[PDB]
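Okay, structure first, notes after.
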Amino acid sequence: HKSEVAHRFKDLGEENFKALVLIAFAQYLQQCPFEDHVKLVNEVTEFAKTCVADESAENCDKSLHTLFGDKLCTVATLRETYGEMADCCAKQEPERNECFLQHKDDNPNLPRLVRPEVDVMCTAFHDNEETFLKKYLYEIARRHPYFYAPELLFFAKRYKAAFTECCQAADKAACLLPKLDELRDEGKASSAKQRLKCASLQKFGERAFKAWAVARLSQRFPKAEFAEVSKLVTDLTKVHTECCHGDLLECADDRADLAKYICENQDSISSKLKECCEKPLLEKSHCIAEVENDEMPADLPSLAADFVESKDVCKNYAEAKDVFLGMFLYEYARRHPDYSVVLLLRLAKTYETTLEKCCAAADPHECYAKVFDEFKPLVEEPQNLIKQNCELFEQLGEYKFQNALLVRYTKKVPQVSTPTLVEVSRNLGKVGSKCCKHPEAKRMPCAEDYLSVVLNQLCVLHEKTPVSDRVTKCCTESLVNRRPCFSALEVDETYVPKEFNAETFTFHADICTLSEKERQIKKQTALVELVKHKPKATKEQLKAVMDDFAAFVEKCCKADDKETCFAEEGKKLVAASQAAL
Ligand SMILES: CCCCCCCCCCCCCC(=O)O
Ligand SMILES: CCCCCCCCCCCCCC(=O)O
Ligand SMILES: CCCCCCCCCCCCCC(=O)O
Ligand SMILES: CCCCCCCCCCCCCC(=O)O
Ligand SMILES: CCCCCCCCCCCCCC(=O)O
Ligand SMILES: CCCCCCCCCCCCCC(=O)O
Numbered sequence: 002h003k004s005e006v007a008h009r010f011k012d013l014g015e016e017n018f019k020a021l022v023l024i025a026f027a028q029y030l031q032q033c034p035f036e037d038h039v040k041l042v043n044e045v046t047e048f049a050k051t052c053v054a055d056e057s058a059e060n061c062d063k064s065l066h067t068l069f070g071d072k073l074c075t076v077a078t079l080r081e082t083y084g085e086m087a088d089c090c091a092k093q094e095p096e097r098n099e100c101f102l103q104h105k106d107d108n109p110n111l112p113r114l115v116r117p118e119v120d121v122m123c124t125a126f127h128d129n130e131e132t133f134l135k136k137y138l139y140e141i142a143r144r145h146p147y148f149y150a151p152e153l154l155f156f157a158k159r160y161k162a163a164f165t166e167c168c169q170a171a172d173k174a175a176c177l178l179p180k181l182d183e184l185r186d187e188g189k190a191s192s193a194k195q196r197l198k199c200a201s202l203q204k205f206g207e208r209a210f211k212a213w214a215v216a217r218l219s220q221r222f223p224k225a226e227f228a229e230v231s232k233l234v235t236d237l238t239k240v241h242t243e244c245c246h247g248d249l250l251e252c253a254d255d256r257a258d259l260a261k262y263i264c265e266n267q268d269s270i271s272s273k274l275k276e277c278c279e280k281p282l283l284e285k286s287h288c289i290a291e292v293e294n295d296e297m298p299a300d301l302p303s304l305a306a307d308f309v310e311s312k313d314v315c316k317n318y319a320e321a322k323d324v325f326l327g328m329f330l331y332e333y334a335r336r337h338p339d340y341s342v343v344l345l346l347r348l349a350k351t352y353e354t355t356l357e358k359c360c361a362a363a364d365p366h367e368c369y370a371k372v373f374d375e376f377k378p379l380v381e382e383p384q385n386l387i388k389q390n391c392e393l394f395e396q397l398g399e400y401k402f403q404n405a406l407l408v409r410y411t412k413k414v415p416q417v418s419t420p421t422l423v424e425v426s427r428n429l430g431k432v433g434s435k436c437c438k439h440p441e442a443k444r445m446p447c448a449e450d451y452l453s454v455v456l457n458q459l460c461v462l463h464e465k466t467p468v469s470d471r472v473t474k475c476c477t478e479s480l481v482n483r484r485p486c487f488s489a490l491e492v493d494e495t496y497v498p499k500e501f502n503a504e505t506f507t508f509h510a511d512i513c514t515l516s517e518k519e520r521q522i523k524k525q526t527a528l529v530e531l532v533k534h535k536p537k538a539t540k541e542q543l544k545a546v547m548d549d550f551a552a553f554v555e556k557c558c559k560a561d562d563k564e565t566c567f568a569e570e571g572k573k574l575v576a577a578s579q580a581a582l
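Residue numbers (my numbering): 2 to 582.
Put into structure tokens, the structure is as follows:
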């Protein structure tokens, strides 16, 4: 209406408004202390309240962009602290708003956020919950200036619920620590996924994004007509292009408009939206993004008629190649919620290659009549990989599955540093836990969602400090080919075994005292180094050295003496292992 700030305060409600304002300033003024942000917030909040009381009071008709910038240019130390950013204050809107956007700092050189002790946290939570919660909201927002503000707020609400539940339990730490591990891991994943999609959009362009979305949205909304999916993809692409440009309010507005459009047209989109569409503005787009797949239409034909049989395949294709290809994707994806989106794209791309050849030929129908046979192998390759890995997981359990992976990936790419091997194998292991639990029909999507980030973090680590041609080869492939390429890496037979180091395989009795998580990391570090030193060792030779170690550890950790048993028996295990391998 007349006052943007007032309209945002009425839609969001006071609590949400204050938190979002905190996150928004935090992400720009990343070196200002917490107490200075409490001050901005209270100042922006009292102003907003005067506009609620009276839409036409002084300054209430300014744009939110204008007010945000004005507030930013009001910080006294802005030049001293942020430098270039203060020169934005000399510009007029809209140039000013675009100048602020260029001058966020992505790596503010801030010490990492240490998780205090449980009783320290729960005491702070009891004494000043709002301070505890917003001080940490500030610390996270300042460290992740591109984390979509409303999503960060959603996380904060889950942290609050976990403190609320767990700080009253019998065993506080056993309740809370798993929840914070889970929240940290989801927050880190959500953050890398937001960054990867914007990098993808720029790298692979808008067509590939649109392909990706058609497939994802047809799986979610299989009852929708194609033209509806297509409308939603066009808008989704807009949203995501604006969101990647980094202006939070424009992003939020475009997301809200789309959410509104979907809710006003549920009957044309999906039967699963009722609940999301009843929620308030703030939660609506987020709830829509998480909704489960609608049940597909009861009795659907095979895609044979429209895409192989029908005489107007080549004619329908040449007329609008991407509409046609998109229709194929839609039809394939709606009947296959059980595939990864990239599988579906491999498929679509196979059908594209095939129409480009076959529509150029004398009898098109006969050239391409067997195109669906070429999909069988593509579909089976990830299905088999899921079978093999989830069966191997069941008989081994998370920890020893990771170890199976260590051995396997270290023999594949032994040039990779031991810490990157450990972390990536530990992580792949967790993707095996999370996703081999799901029923068959959600396994491949799950694994996709999670491998995409585990693999992109492996690549970014590695392209910022490189070691293996192959790894680079797979990381600079198409994003459809990324995972298959990694899967095809073979044991490196041109690797020169790493020279023995005494210390690497020396263990002191502190390891009997380390936490579960840390003792595994120490063991897994040694396993990697063991495989680096003797790459030729077989699975049974390695199991003999590993089961020898398993009996070395526990038969010096319950003993009348400790660090002697580790010094003296640890000479015996090492020389016996060197001889055996
Ligand atoms: C966006 C969340 C705002 C509130 C977070 C409150 C709890 C902070 C817990 C301590 C830091 C956690 C780091 C970690 O989980 O490893
Ligand atoms: C004075 C500065 C105010 C900054 C407040 C930021 C408000 C973000 C609005 C988010 C609304 C949710 C829309 C959505 O993501 O669907
Ligand atoms: C009006 C166009 C809106 C977007 C929906 C139809 C076109 C989407 C692109 C589909 C092409 C991808 C095929 C492929 O390369 O695998
Ligand atoms: C070693 C980690 C095992 C994780 C669970 C199995 C996942 C197998 C790969 C399937 C990935 C689907 C993405 C794709 O289609 O390329
Ligand atoms: C340094 C670690 C590089 C190796 C990690 C590649 C894992 C990606 C594929 C995971 C699922 C398939 C298992 C496989 O075939 O290897
Ligand atoms: C060349 C000296 C080799 C000495 C023995 C090193 C063994 C290190 C890896 C042990 C990991 C065992 C994991 C387990 O099954 O508990």
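Think of the CB as a built atom: it goes at the ideal place given N, C-alpha and C, for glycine as much as any other residue.
Coil, strand or helix - residue i by DSSP
i    : result
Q525 : helix
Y352 : helix
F508 : coil
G84  : coil
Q28  : helix
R256 : helix
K540 : helix
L406 : helix
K273 : coil
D12  : helix
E99  : helix
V53  : helix
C33  : coil
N43  : helix
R116 : coil
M297 : coil
CB of residue i within 8 Å of CB of residue j, strictly
i           : j    : result
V408        : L528 : yes
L114        : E94  : no
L282        : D12  : yes
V414        : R471 : yes
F394        : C447 : no
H534        : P485 : no
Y410        : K435 : no
residue 614 : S192 : Shown here, the chain extends from 2 to 582; a query on residue 614 therefore has no answer.
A142        : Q28  : yes
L582        : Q542 : yes
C557        : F550 : no
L65         : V22  : no
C368        : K377 : no
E332        : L304 : yes
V546        : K412 : no
Contact set for residue i: own chain, Cβ-Cβ below 6 Å, skip 5 residues either direction
i    : result
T354 : none
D374 : none
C199 : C245
Residue closest to residue i, alpha-carbon to alpha-carbon, out of the options
i           : options                   : result
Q267        : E5, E187 and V230         : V230
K572        : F553, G327, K350 and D562 : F553
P298        : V22, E367, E226 and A125  : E226
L181        : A290, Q458 and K161       : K161
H287        : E152, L386, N390 and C557 : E152
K135        : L102, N17 and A334        : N17
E187        : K19, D107, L233 and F155  : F155
residue 1   : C90, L138 and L65         : The structure shown does not extend to residue 1, since the chain spans only 2 to 582, so no value can be given for it.
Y496        : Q416, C360 and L21        : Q416
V432        : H8, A190 and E99          : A190
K232        : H145, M328 and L274       : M328
residue 630 : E424, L249 and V76        : Outside the displayed span of the chain (2 to 582) sits residue 630, for which this structure offers no information.
7 Å Cβ shell around residue i - same chain, five flanking residues per side excluded
i    : result
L41  : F26 and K72
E564 : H509 and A510
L326 : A349 and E353
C277 : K285, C288, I289 and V292
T419 : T526, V529 and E530
Cβ neighbours of residue i in the same chain (closer than 8 Å, five flanking residues each side left out)
i    : result
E243 : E251, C252 and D255
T421 : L459, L462 and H463
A58  : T51 and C52
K92  : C100
Any non-hydrogen atom of ligand 7 closer than 7 Å to residue i Cβ
i    : result
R113 : Ligands present in the displayed structure are limited to ligand 1, ligand 2, ligand 3, ligand 4, ligand 5 and ligand 6, and ligand 7 is not among them.
Original post:
How about the segment 399-408 and the segment 339-357: do they share at least three Cβ pairs that are nearer than 8 Å?
Top reply: no
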